[PDB]
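Data from upload-v7.cif: mmCIF, C-alpha atoms
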```cif
data_structure
#
loop_
_atom_site.label_atom_id
_atom_site.label_comp_id
_atom_site.auth_asym_id
_atom_site.auth_seq_id
_atom_site.Cartn_x
_atom_site.Cartn_y
_atom_site.Cartn_z
CA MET A 426 0.00 0.00 0.00
CA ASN A 427 0.92 3.63 -0.42
CA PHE A 428 -1.10 6.73 0.19
CA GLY A 429 -1.50 10.37 -0.60
CA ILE A 430 -3.68 13.02 0.90
CA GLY A 431 -3.65 16.63 -0.17
CA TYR A 432 -5.43 19.89 0.07
CA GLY A 433 -5.63 22.84 -2.28
CA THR A 434 -7.65 25.55 -3.96
CA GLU A 435 -7.77 23.72 -7.34
CA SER A 436 -9.37 20.43 -6.31
CA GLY A 437 -10.32 20.58 -2.60
CA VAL A 438 -9.10 17.58 -0.62
CA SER A 439 -7.49 14.73 -2.58
CA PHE A 440 -7.23 11.10 -1.47
CA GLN A 441 -4.85 8.65 -3.23
CA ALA A 442 -4.71 4.92 -2.31
CA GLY A 443 -3.08 2.03 -4.14
CA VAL A 444 -0.79 -0.97 -4.44
CA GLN A 445 1.83 -1.41 -7.18
CA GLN A 446 4.40 -4.19 -7.20
CA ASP A 447 7.42 -3.11 -9.29
CA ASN A 448 8.15 -6.72 -10.08
CA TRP A 449 5.39 -9.23 -10.17
CA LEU A 450 5.60 -11.97 -9.12
CA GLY A 451 9.15 -11.78 -10.32
CA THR A 452 7.90 -11.72 -13.97
CA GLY A 453 9.40 -8.32 -14.73
CA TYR A 454 5.93 -6.92 -15.32
CA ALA A 455 4.88 -4.09 -13.01
CA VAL A 456 1.26 -4.22 -11.90
CA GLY A 457 -0.69 -1.72 -9.86
CA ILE A 458 -4.15 -0.80 -8.68
CA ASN A 459 -4.92 2.80 -7.99
CA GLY A 460 -7.68 5.13 -6.82
CA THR A 461 -8.30 8.86 -6.45
CA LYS A 462 -10.97 11.13 -4.91
CA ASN A 463 -11.36 14.81 -5.67
CA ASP A 464 -13.97 17.47 -5.11
CA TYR A 465 -15.15 16.67 -8.66
CA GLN A 466 -13.65 13.32 -9.62
CA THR A 467 -13.23 9.73 -8.56
CA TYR A 468 -10.75 7.69 -10.65
CA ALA A 469 -9.69 4.02 -10.44
CA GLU A 470 -7.31 1.92 -12.50
CA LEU A 471 -5.53 -1.38 -12.90
CA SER A 472 -2.27 -1.05 -14.83
CA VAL A 473 0.22 -3.52 -16.19
CA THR A 474 3.60 -2.60 -17.65
CA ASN A 475 6.21 -4.88 -19.20
CA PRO A 476 9.12 -2.38 -19.21
CA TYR A 477 11.50 -4.68 -21.13
CA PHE A 478 9.06 -6.16 -23.64
CA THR A 479 12.08 -5.67 -25.91
CA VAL A 480 15.67 -5.87 -24.68
CA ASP A 481 16.40 -2.32 -25.92
CA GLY A 482 13.99 -1.01 -23.32
CA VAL A 483 10.84 -0.81 -25.40
CA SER A 484 7.99 -1.04 -22.86
CA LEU A 485 4.50 -2.42 -23.39
CA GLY A 486 1.83 -1.09 -21.05
CA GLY A 487 -1.82 -1.63 -20.34
CA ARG A 488 -4.36 0.31 -18.35
CA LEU A 489 -7.99 -0.35 -17.41
CA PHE A 490 -9.87 2.50 -15.75
CA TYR A 491 -13.07 4.01 -14.43
CA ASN A 492 -13.69 7.72 -14.09
CA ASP A 493 -16.56 9.71 -12.60
CA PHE A 494 -16.67 13.42 -13.20
CA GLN A 495 -19.04 16.05 -11.87
CA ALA A 496 -18.60 19.22 -13.83
CA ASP A 497 -20.37 21.55 -11.40
CA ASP A 498 -17.77 20.78 -8.71
CA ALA A 499 -15.02 21.75 -11.17
CA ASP A 500 -16.57 25.22 -11.48
CA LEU A 501 -18.04 24.30 -14.88
CA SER A 502 -21.55 24.31 -16.30
CA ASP A 503 -23.33 21.20 -15.13
CA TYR A 504 -22.99 17.66 -16.39
CA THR A 505 -21.96 14.18 -15.22
CA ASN A 506 -19.55 11.96 -17.13
CA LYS A 507 -19.20 8.36 -16.05
CA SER A 508 -16.64 6.78 -18.32
CA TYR A 509 -14.44 3.71 -18.34
CA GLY A 510 -12.01 2.30 -20.86
CA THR A 511 -8.60 0.83 -21.69
CA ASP A 512 -5.26 1.84 -23.23
CA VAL A 513 -2.34 -0.22 -24.49
CA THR A 514 0.76 1.80 -25.17
CA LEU A 515 4.25 1.20 -26.59
CA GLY A 516 7.06 3.29 -25.16
CA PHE A 517 10.34 3.86 -26.95
CA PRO A 518 13.43 5.16 -25.03
CA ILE A 519 15.35 6.60 -28.01
CA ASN A 520 17.90 8.14 -25.60
CA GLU A 521 18.46 9.57 -22.10
CA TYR A 522 16.54 12.71 -23.06
CA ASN A 523 13.75 11.59 -25.40
CA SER A 524 11.03 8.98 -25.33
CA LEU A 525 8.20 8.18 -27.74
CA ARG A 526 4.79 6.73 -27.16
CA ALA A 527 2.27 5.24 -29.50
CA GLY A 528 -0.85 3.42 -28.45
CA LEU A 529 -4.44 2.38 -28.98
CA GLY A 530 -7.29 3.25 -26.67
CA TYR A 531 -10.94 2.51 -26.13
CA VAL A 532 -13.18 4.72 -24.04
CA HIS A 533 -16.87 4.60 -23.11
CA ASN A 534 -18.48 7.87 -22.21
CA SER A 535 -21.95 8.27 -20.83
CA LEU A 536 -23.24 11.75 -20.22
CA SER A 537 -26.21 12.57 -18.09
CA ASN A 538 -27.73 15.56 -16.28
CA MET A 539 -26.66 18.17 -18.84
CA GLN A 540 -28.06 21.67 -18.32
CA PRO A 541 -29.08 22.77 -21.87
CA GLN A 542 -26.71 25.41 -23.18
CA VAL A 543 -25.80 26.56 -26.70
CA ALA A 544 -22.25 25.19 -26.98
CA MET A 545 -23.16 21.81 -25.52
CA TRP A 546 -26.29 21.35 -27.76
CA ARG A 547 -24.40 22.39 -30.87
CA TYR A 548 -22.13 19.37 -30.30
CA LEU A 549 -25.12 17.13 -29.52
CA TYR A 550 -26.95 18.17 -32.70
CA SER A 551 -23.80 17.51 -34.70
CA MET A 552 -24.06 13.84 -33.57
CA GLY A 553 -27.66 13.55 -34.73
CA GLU A 554 -29.05 13.72 -31.24
CA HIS A 555 -31.98 16.10 -30.90
CA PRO A 556 -32.57 16.54 -27.18
CA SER A 557 -34.96 19.21 -25.95
CA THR A 558 -34.05 22.53 -24.35
CA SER A 559 -36.75 22.27 -21.70
CA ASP A 560 -34.98 19.35 -19.99
CA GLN A 561 -32.03 18.81 -17.72
CA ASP A 562 -33.05 15.19 -17.94
CA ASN A 563 -31.02 13.76 -20.79
CA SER A 564 -28.56 11.02 -21.59
CA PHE A 565 -26.00 10.49 -24.28
CA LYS A 566 -23.72 7.48 -24.67
CA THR A 567 -20.76 6.98 -26.96
CA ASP A 568 -17.87 4.55 -27.49
CA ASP A 569 -14.57 5.58 -29.05
CA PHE A 570 -11.34 4.07 -30.27
CA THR A 571 -8.29 6.26 -30.49
CA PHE A 572 -4.77 6.25 -31.81
CA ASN A 573 -2.49 8.04 -29.31
CA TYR A 574 1.00 9.37 -29.68
CA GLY A 575 3.50 11.38 -27.74
CA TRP A 576 6.97 12.76 -27.46
CA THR A 577 8.68 13.96 -24.31
CA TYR A 578 12.02 15.71 -24.22
CA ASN A 579 13.62 16.19 -20.80
CA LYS A 580 16.98 17.79 -20.09
CA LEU A 581 16.27 19.38 -16.72
CA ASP A 582 19.38 19.53 -14.52
CA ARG A 583 17.15 18.66 -11.53
CA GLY A 584 13.69 17.27 -10.97
CA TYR A 585 12.08 19.29 -8.24
CA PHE A 586 13.78 22.71 -8.40
CA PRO A 587 15.33 22.82 -11.90
CA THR A 588 17.92 25.43 -12.59
CA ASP A 589 18.78 24.76 -16.20
CA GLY A 590 17.52 23.02 -19.35
CA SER A 591 14.10 22.47 -20.78
CA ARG A 592 11.22 20.02 -20.96
CA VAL A 593 8.87 19.50 -23.88
CA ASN A 594 5.84 17.34 -24.11
CA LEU A 595 3.74 16.76 -27.20
CA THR A 596 0.64 14.67 -26.86
CA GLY A 597 -1.85 13.96 -29.63
CA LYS A 598 -4.84 11.78 -30.29
CA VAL A 599 -7.23 11.03 -33.16
CA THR A 600 -10.30 8.80 -33.44
CA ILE A 601 -10.06 5.70 -35.63
CA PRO A 602 -12.84 4.10 -37.80
CA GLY A 603 -15.50 2.43 -35.70
CA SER A 604 -15.82 5.28 -33.18
CA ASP A 605 -18.97 7.30 -32.58
CA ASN A 606 -16.99 10.57 -32.27
CA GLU A 607 -14.65 11.79 -34.98
CA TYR A 608 -12.04 14.26 -33.78
CA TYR A 609 -8.36 15.00 -33.04
CA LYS A 610 -6.64 16.83 -30.11
CA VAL A 611 -3.10 18.01 -29.93
CA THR A 612 -1.29 19.46 -26.88
CA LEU A 613 2.13 20.98 -26.54
CA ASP A 614 3.78 21.72 -23.17
CA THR A 615 6.99 23.67 -22.72
CA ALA A 616 9.21 24.61 -19.82
CA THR A 617 12.65 26.12 -20.11
CA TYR A 618 14.94 27.30 -17.31
CA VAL A 619 17.74 29.76 -18.00
CA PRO A 620 20.23 30.69 -15.23
CA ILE A 621 21.85 34.11 -15.21
CA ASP A 622 24.61 33.50 -12.64
CA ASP A 623 27.35 30.93 -11.93
CA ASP A 624 25.94 29.57 -8.68
CA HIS A 625 22.63 29.18 -10.54
CA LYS A 626 20.56 30.91 -7.82
CA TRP A 627 18.93 33.41 -10.19
CA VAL A 628 16.93 31.63 -12.89
CA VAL A 629 14.51 32.75 -15.57
CA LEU A 630 11.69 30.27 -16.25
CA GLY A 631 9.56 30.46 -19.41
CA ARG A 632 6.49 28.22 -19.89
CA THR A 633 3.89 27.67 -22.60
CA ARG A 634 1.01 25.30 -23.17
CA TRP A 635 -0.95 25.00 -26.40
CA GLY A 636 -3.98 22.92 -27.19
CA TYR A 637 -6.01 22.57 -30.35
CA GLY A 638 -8.70 20.03 -31.16
CA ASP A 639 -11.59 19.85 -33.61
CA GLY A 640 -14.14 17.56 -35.30
CA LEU A 641 -13.23 15.66 -38.44
CA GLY A 642 -16.17 14.87 -40.66
CA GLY A 643 -18.88 17.37 -39.84
CA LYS A 644 -18.83 16.16 -36.24
CA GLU A 645 -17.67 18.45 -33.44
CA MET A 646 -15.09 17.70 -30.71
CA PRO A 647 -17.09 16.55 -27.69
CA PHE A 648 -17.20 19.20 -24.96
CA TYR A 649 -16.04 16.59 -22.42
CA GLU A 650 -12.64 16.92 -24.08
CA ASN A 651 -12.43 20.68 -24.00
CA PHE A 652 -9.40 22.60 -22.76
CA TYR A 653 -9.51 24.88 -19.65
CA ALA A 654 -7.43 27.71 -18.18
CA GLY A 655 -6.98 29.63 -14.99
CA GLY A 656 -5.80 28.29 -11.67
CA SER A 657 -2.65 27.24 -9.87
CA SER A 658 -1.09 25.22 -12.67
CA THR A 659 -1.91 27.52 -15.59
CA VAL A 660 -2.63 31.22 -15.06
CA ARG A 661 -2.73 32.12 -11.41
CA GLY A 662 -4.94 34.77 -9.91
CA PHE A 663 -7.97 33.22 -11.62
CA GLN A 664 -10.38 30.69 -10.11
CA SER A 665 -9.90 27.15 -11.41
CA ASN A 666 -11.08 26.82 -15.04
CA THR A 667 -12.68 30.25 -15.30
CA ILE A 668 -10.77 31.50 -18.38
CA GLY A 669 -12.70 31.29 -21.72
CA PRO A 670 -16.25 30.83 -23.12
CA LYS A 671 -19.20 30.98 -20.75
CA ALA A 672 -22.32 28.85 -21.02
CA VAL A 673 -25.29 30.50 -22.65
CA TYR A 674 -28.30 28.81 -21.04
CA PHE A 675 -31.66 27.88 -22.53
CA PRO A 676 -34.82 28.76 -20.59
CA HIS A 677 -35.15 25.85 -18.31
CA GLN A 678 -37.00 24.07 -15.43
CA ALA A 679 -35.45 21.70 -12.87
CA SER A 680 -34.21 18.13 -12.48
CA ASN A 681 -36.57 16.34 -10.08
CA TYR A 682 -38.01 19.10 -7.89
CA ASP A 683 -37.36 22.83 -8.46
CA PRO A 684 -37.41 24.59 -5.06
CA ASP A 685 -35.60 27.66 -3.67
CA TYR A 686 -33.41 29.48 -2.64
CA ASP A 687 -30.16 28.96 -4.54
CA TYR A 688 -28.86 28.38 -8.06
CA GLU A 689 -31.02 28.04 -11.15
CA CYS A 690 -29.08 30.02 -13.77
CA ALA A 691 -31.87 29.93 -16.33
CA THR A 692 -34.83 28.94 -14.14
CA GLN A 693 -38.34 28.94 -15.67
CA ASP A 694 -39.06 30.85 -12.43
CA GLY A 695 -38.34 34.12 -14.26
CA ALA A 696 -37.46 32.74 -17.73
CA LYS A 697 -38.24 33.99 -21.22
CA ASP A 698 -35.00 33.84 -23.15
CA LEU A 699 -31.40 32.78 -23.37
CA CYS A 700 -29.30 33.55 -20.32
CA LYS A 701 -25.75 34.85 -20.43
CA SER A 702 -23.72 33.38 -17.55
CA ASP A 703 -20.43 33.10 -15.62
CA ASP A 704 -20.27 29.28 -15.79
CA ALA A 705 -17.14 28.25 -17.72
CA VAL A 706 -17.56 25.58 -20.41
CA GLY A 707 -14.02 25.40 -21.82
CA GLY A 708 -12.88 25.47 -25.43
CA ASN A 709 -11.33 23.49 -28.24
CA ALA A 710 -8.34 25.81 -28.52
CA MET A 711 -6.06 27.11 -25.85
CA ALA A 712 -2.85 29.04 -25.21
CA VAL A 713 -1.23 29.92 -21.88
CA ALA A 714 2.20 31.28 -21.21
CA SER A 715 4.33 32.26 -18.28
CA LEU A 716 7.54 34.07 -17.62
CA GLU A 717 8.92 33.94 -14.14
CA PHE A 718 11.94 35.12 -12.26
CA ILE A 719 13.41 32.86 -9.61
CA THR A 720 15.40 34.41 -6.76
CA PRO A 721 17.12 33.42 -3.51
CA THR A 722 14.62 33.34 -0.65
CA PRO A 723 14.78 36.08 2.01
CA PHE A 724 15.60 35.41 4.73
CA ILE A 725 16.66 31.78 5.14
CA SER A 732 14.96 23.20 -0.34
CA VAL A 733 12.62 26.22 -0.74
CA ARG A 734 12.09 28.50 -3.80
CA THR A 735 10.56 31.96 -4.34
CA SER A 736 9.60 33.64 -7.60
CA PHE A 737 7.97 36.65 -9.22
CA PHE A 738 5.59 35.72 -12.04
CA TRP A 739 3.70 36.98 -15.04
CA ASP A 740 1.04 34.48 -16.26
CA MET A 741 -1.23 34.97 -19.24
CA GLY A 742 -3.80 32.97 -21.10
CA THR A 743 -6.72 32.47 -23.41
CA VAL A 744 -9.26 29.74 -24.30
CA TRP A 745 -11.75 29.92 -27.14
CA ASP A 746 -14.45 28.20 -29.18
CA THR A 747 -13.62 28.05 -32.88
CA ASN A 748 -17.18 26.84 -33.61
CA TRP A 749 -18.99 29.61 -31.75
CA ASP A 750 -21.33 31.15 -34.31
CA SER A 751 -20.46 34.84 -33.81
CA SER A 752 -23.19 35.89 -36.29
CA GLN A 753 -26.18 33.91 -35.00
CA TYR A 754 -25.28 34.82 -31.42
CA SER A 755 -24.26 38.45 -32.01
CA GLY A 756 -26.31 39.42 -28.96
CA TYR A 757 -23.84 37.50 -26.75
CA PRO A 758 -20.06 37.77 -26.40
CA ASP A 759 -17.86 36.48 -29.25
CA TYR A 760 -16.49 33.24 -27.77
CA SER A 761 -14.69 32.41 -31.01
CA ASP A 762 -12.45 35.43 -30.39
CA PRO A 763 -8.83 34.42 -29.39
CA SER A 764 -7.65 37.93 -28.63
CA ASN A 765 -9.10 38.04 -25.07
CA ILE A 766 -5.74 37.38 -23.38
CA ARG A 767 -6.14 37.33 -19.62
CA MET A 768 -3.14 38.25 -17.49
CA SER A 769 -1.79 38.19 -14.00
CA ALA A 770 1.22 39.00 -11.90
CA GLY A 771 2.34 37.66 -8.55
CA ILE A 772 4.64 35.95 -6.08
CA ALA A 773 5.03 32.25 -5.38
CA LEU A 774 6.78 30.26 -2.71
CA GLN A 775 7.40 26.52 -2.88
CA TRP A 776 8.58 24.35 -0.03
CA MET A 777 9.56 20.71 -0.07
CA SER A 778 8.91 20.43 3.71
CA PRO A 779 9.06 17.49 6.16
CA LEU A 780 5.23 17.15 6.14
CA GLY A 781 5.43 17.11 2.36
CA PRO A 782 5.46 19.51 -0.59
CA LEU A 783 4.05 23.01 -0.03
CA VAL A 784 3.30 25.61 -2.70
CA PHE A 785 1.54 28.95 -2.22
CA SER A 786 0.89 31.96 -4.40
CA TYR A 787 -0.50 35.47 -4.36
CA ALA A 788 -1.38 37.11 -7.67
CA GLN A 789 -3.30 40.02 -9.18
CA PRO A 790 -5.40 39.50 -12.32
CA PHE A 791 -4.60 42.74 -14.13
CA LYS A 792 -6.24 41.85 -17.50
CA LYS A 793 -9.67 40.42 -17.11
CA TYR A 794 -12.93 39.97 -18.97
CA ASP A 795 -16.61 39.92 -17.99
CA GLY A 796 -17.41 36.74 -16.08
CA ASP A 797 -13.86 35.87 -15.05
CA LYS A 798 -13.77 34.90 -11.40
CA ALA A 799 -10.62 36.08 -9.58
CA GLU A 800 -8.77 34.12 -6.87
CA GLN A 801 -5.57 35.68 -5.69
CA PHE A 802 -4.51 33.23 -2.97
CA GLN A 803 -3.91 29.71 -4.23
CA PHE A 804 -2.05 26.88 -2.57
CA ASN A 805 -1.49 23.13 -2.51
CA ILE A 806 -0.42 20.82 0.38
CA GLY A 807 0.45 17.13 0.20
CA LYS A 808 1.77 14.06 2.00
CA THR A 809 2.50 10.55 0.83
CA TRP A 810 2.92 7.27 2.75
#
```
Give the structure from the file, written as structure tokens.
Amino acid sequence: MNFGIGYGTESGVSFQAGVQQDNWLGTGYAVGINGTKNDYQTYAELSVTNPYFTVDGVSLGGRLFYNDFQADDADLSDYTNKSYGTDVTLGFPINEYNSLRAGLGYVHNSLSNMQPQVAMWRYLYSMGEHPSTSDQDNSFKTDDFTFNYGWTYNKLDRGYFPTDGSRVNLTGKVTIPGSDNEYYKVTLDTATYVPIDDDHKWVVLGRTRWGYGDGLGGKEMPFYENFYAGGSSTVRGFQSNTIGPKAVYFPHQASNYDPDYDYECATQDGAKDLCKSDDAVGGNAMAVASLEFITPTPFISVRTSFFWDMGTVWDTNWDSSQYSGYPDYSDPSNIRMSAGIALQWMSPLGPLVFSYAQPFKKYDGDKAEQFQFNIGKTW
């Protein structure tokens, strides 16, 4: 057994619990069973990895998983995704700094409890489903097969508090024939550390993250695969996932009751017409960047930095023309920005990270959150 418990502004309190024998039972294979609990998510998996499936070091890995996601608790417009699936992946260690992955996946998604909103229904209609707008009672089920690939470059001088070098991670996916959805997603992550002194105590860190995905044959990318921005790990000073399009709600009713006094963003109690909102729904395109300046810590294993984060998320399929009475969510030029201080501490109780930041470029509906932190401990 091994454990992990954590607390932070992003995800509330996290519980990890699993067993993973690194050699099993002396076969060379590594097998593991693993579970997670979040404010918004409960994940479980059995994994199996033959790390010397070839003598060069070509690994062969398998994963079987279940995931339960509640979008409301992630500060998103409301839906539930109960999914499960499998992956089998080849890994190629081309050298000490680069590895390659290629794999096949299967995933079952089943959506329920979707609050009717424009972006979500536009996807639904593109799949030939015609649900009503009066209902938050709805269900949509899909099964997909994917081809998955990836490259990771890593020449960081150190793991935890790097001082020099860079890391790059490209991850891509596309549906293969036989799937209900037809789409591709690509993601690019970048981190590069540049020291400006000999003792390597002053370091400039530059980060970027890019994501683009879209439908292939008249279909749209499912919203449950959208990108998000704004929180501790992306652009600080903003509440988790607030950056980008906001749900535009249909006039509505209630799922099994309809009392007061809380919620109901487009309640029939007072409804006529479409409701603008501050619920984030994510996007199929994304760009975040960061430049930060790492300094010795006054006055005392622990790292402090001054940072400038910035980001955007948009909806390339948002019909600007038909929804001209609402904000242009297809517009990529709404770059949000922030500035702040961060302190990290690999402490005896476990890793500690804290930050204080000021959103100085903001847009209507963006929820600010200037103090963000994360605490953790593992058994």
**Request:** Name the residues that the PyMOL selection byres ((chain A and resi 795) around 12) pulls out of this structure, and write them as a PyMOL selection string.
**Result:** chain A and resi 667-671+701-705+757-760+765+767+792-794+796-799
**Spatial neighbours of segment 609-626 of chain A, max dist 10 Å, all atoms listed in the file, sep filter under 5 positions, as a ChimeraX atom specification** = /A:571-582,587-601,631-641,645-646,650-652,709-722,734
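Taking all atoms listed in the file into account, residue 570 of chain A lies nearest to A:528 out of the set A:486, A:528, A:460, A:723.
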**Message:** Applying 10 Å and all atoms listed in the file, which residues near segment 510-513 of chain A remain after dropping the ones on its own chain fewer than 3 positions away? List them as a count of residues only.
**Reply:** 27
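The space between atom CA of residue 514 of chain A and atom CA of residue 475 of chain A spans 10.5 Å.
Taking only C-alpha atoms into account, the protein, DNA and RNA residues within 9 Å of (5.1, 41.2, -4.0) read residues 737, 771, 772, 787 and 788 of chain A.
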**Message:** Please expand the PyMOL selection byres ((chain A and resi 666) around 9) into the concrete residues it hits in this file, giving the result as number ranges by chain.
**Reply:** A: 435, 499-501, 652-656, 663-665, 667-669, 705-707
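The closest residue to residue 434 of chain A, picked from A:696, A:479, A:520, A:464 and counting all atoms listed in the file, is A:464.
Between atom CA of residue 555 of chain A and atom CA of residue 754 of chain A lies a distance of 19.9 Å.
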Can you complete the atoms of segment 743-771 of chain A to N, CA and C atoms and list them as a PDB file, keeping the file's coordinate frame?
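Result file is result-v3.pdb:
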```
ATOM      1  N   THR A 743      -5.481  32.371 -22.674  1.00  0.00           N
ATOM      2  CA  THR A 743      -6.720  32.470 -23.410  1.00  0.00           C
ATOM      3  C   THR A 743      -7.260  31.068 -23.725  1.00  0.00           C
ATOM      4  N   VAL A 744      -8.578  30.961 -23.892  1.00  0.00           N
ATOM      5  CA  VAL A 744      -9.260  29.740 -24.300  1.00  0.00           C
ATOM      6  C   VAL A 744     -10.410  30.164 -25.196  1.00  0.00           C
ATOM      7  N   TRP A 745     -10.599  29.531 -26.345  1.00  0.00           N
ATOM      8  CA  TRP A 745     -11.750  29.920 -27.140  1.00  0.00           C
ATOM      9  C   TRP A 745     -12.459  28.769 -27.858  1.00  0.00           C
ATOM     10  N   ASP A 746     -13.515  29.126 -28.575  1.00  0.00           N
ATOM     11  CA  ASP A 746     -14.450  28.200 -29.180  1.00  0.00           C
ATOM     12  C   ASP A 746     -14.517  28.484 -30.664  1.00  0.00           C
ATOM     13  N   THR A 747     -13.682  27.804 -31.438  1.00  0.00           N
ATOM     14  CA  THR A 747     -13.620  28.050 -32.880  1.00  0.00           C
ATOM     15  C   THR A 747     -14.943  27.815 -33.612  1.00  0.00           C
ATOM     16  N   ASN A 748     -15.864  27.075 -32.995  1.00  0.00           N
ATOM     17  CA  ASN A 748     -17.180  26.840 -33.610  1.00  0.00           C
ATOM     18  C   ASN A 748     -18.294  27.719 -33.097  1.00  0.00           C
ATOM     19  N   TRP A 749     -17.971  28.692 -32.248  1.00  0.00           N
ATOM     20  CA  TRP A 749     -18.990  29.610 -31.750  1.00  0.00           C
ATOM     21  C   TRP A 749     -19.464  30.466 -32.901  1.00  0.00           C
ATOM     22  N   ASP A 750     -20.745  30.347 -33.230  1.00  0.00           N
ATOM     23  CA  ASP A 750     -21.330  31.150 -34.310  1.00  0.00           C
ATOM     24  C   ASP A 750     -21.518  32.616 -33.893  1.00  0.00           C
ATOM     25  N   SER A 751     -20.463  33.401 -34.074  1.00  0.00           N
ATOM     26  CA  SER A 751     -20.460  34.840 -33.810  1.00  0.00           C
ATOM     27  C   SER A 751     -21.674  35.592 -34.372  1.00  0.00           C
ATOM     28  N   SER A 752     -22.067  35.255 -35.596  1.00  0.00           N
ATOM     29  CA  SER A 752     -23.190  35.890 -36.290  1.00  0.00           C
ATOM     30  C   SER A 752     -24.570  35.579 -35.703  1.00  0.00           C
ATOM     31  N   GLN A 753     -24.887  34.295 -35.554  1.00  0.00           N
ATOM     32  CA  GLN A 753     -26.180  33.910 -35.000  1.00  0.00           C
ATOM     33  C   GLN A 753     -26.311  34.254 -33.506  1.00  0.00           C
ATOM     34  N   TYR A 754     -25.193  34.447 -32.828  1.00  0.00           N
ATOM     35  CA  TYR A 754     -25.280  34.820 -31.420  1.00  0.00           C
ATOM     36  C   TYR A 754     -24.612  36.173 -31.132  1.00  0.00           C
ATOM     37  N   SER A 755     -24.788  37.086 -32.083  1.00  0.00           N
ATOM     38  CA  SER A 755     -24.260  38.450 -32.010  1.00  0.00           C
ATOM     39  C   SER A 755     -24.748  39.232 -30.783  1.00  0.00           C
ATOM     40  N   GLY A 756     -25.853  38.807 -30.186  1.00  0.00           N
ATOM     41  CA  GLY A 756     -26.310  39.420 -28.960  1.00  0.00           C
ATOM     42  C   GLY A 756     -25.640  38.900 -27.699  1.00  0.00           C
ATOM     43  N   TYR A 757     -24.565  38.126 -27.858  1.00  0.00           N
ATOM     44  CA  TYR A 757     -23.840  37.500 -26.750  1.00  0.00           C
ATOM     45  C   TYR A 757     -22.355  37.688 -27.076  1.00  0.00           C
ATOM     46  N   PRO A 758     -21.461  37.460 -26.102  1.00  0.00           N
ATOM     47  CA  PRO A 758     -20.060  37.770 -26.400  1.00  0.00           C
ATOM     48  C   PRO A 758     -19.473  36.820 -27.440  1.00  0.00           C
ATOM     49  N   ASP A 759     -18.497  37.296 -28.209  1.00  0.00           N
ATOM     50  CA  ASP A 759     -17.860  36.480 -29.250  1.00  0.00           C
ATOM     51  C   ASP A 759     -16.853  35.471 -28.672  1.00  0.00           C
ATOM     52  N   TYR A 760     -17.323  34.259 -28.397  1.00  0.00           N
ATOM     53  CA  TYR A 760     -16.490  33.240 -27.770  1.00  0.00           C
ATOM     54  C   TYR A 760     -15.537  32.564 -28.741  1.00  0.00           C
ATOM     55  N   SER A 761     -15.623  32.929 -30.017  1.00  0.00           N
ATOM     56  CA  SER A 761     -14.690  32.410 -31.010  1.00  0.00           C
ATOM     57  C   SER A 761     -13.445  33.285 -31.073  1.00  0.00           C
ATOM     58  N   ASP A 762     -13.522  34.436 -30.414  1.00  0.00           N
ATOM     59  CA  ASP A 762     -12.450  35.430 -30.390  1.00  0.00           C
ATOM     60  C   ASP A 762     -11.276  35.000 -29.474  1.00  0.00           C
ATOM     61  N   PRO A 763     -10.082  34.815 -30.062  1.00  0.00           N
ATOM     62  CA  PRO A 763      -8.830  34.420 -29.390  1.00  0.00           C
ATOM     63  C   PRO A 763      -8.045  35.562 -28.781  1.00  0.00           C
ATOM     64  N   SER A 764      -8.446  36.794 -29.047  1.00  0.00           N
ATOM     65  CA  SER A 764      -7.650  37.930 -28.630  1.00  0.00           C
ATOM     66  C   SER A 764      -7.926  38.370 -27.185  1.00  0.00           C
ATOM     67  N   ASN A 765      -8.845  37.704 -26.483  1.00  0.00           N
ATOM     68  CA  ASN A 765      -9.100  38.040 -25.070  1.00  0.00           C
ATOM     69  C   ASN A 765      -8.079  37.405 -24.130  1.00  0.00           C
ATOM     70  N   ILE A 766      -6.831  37.881 -24.208  1.00  0.00           N
ATOM     71  CA  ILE A 766      -5.740  37.380 -23.380  1.00  0.00           C
ATOM     72  C   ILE A 766      -5.858  37.890 -21.944  1.00  0.00           C
ATOM     73  N   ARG A 767      -6.177  36.995 -21.024  1.00  0.00           N
ATOM     74  CA  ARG A 767      -6.140  37.330 -19.620  1.00  0.00           C
ATOM     75  C   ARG A 767      -4.720  37.309 -19.061  1.00  0.00           C
ATOM     76  N   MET A 768      -4.487  38.105 -18.022  1.00  0.00           N
ATOM     77  CA  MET A 768      -3.140  38.250 -17.490  1.00  0.00           C
ATOM     78  C   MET A 768      -3.115  38.372 -15.994  1.00  0.00           C
ATOM     79  N   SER A 769      -1.974  38.020 -15.420  1.00  0.00           N
ATOM     80  CA  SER A 769      -1.790  38.190 -14.000  1.00  0.00           C
ATOM     81  C   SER A 769      -0.325  38.346 -13.648  1.00  0.00           C
ATOM     82  N   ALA A 770      -0.103  38.699 -12.395  1.00  0.00           N
ATOM     83  CA  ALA A 770       1.220  39.000 -11.900  1.00  0.00           C
ATOM     84  C   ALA A 770       1.237  38.589 -10.446  1.00  0.00           C
ATOM     85  N   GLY A 771       2.338  38.037  -9.952  1.00  0.00           N
ATOM     86  CA  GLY A 771       2.340  37.660  -8.550  1.00  0.00           C
ATOM     87  C   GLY A 771       3.631  37.089  -7.995  1.00  0.00           C
TER      88      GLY A 771
END
```
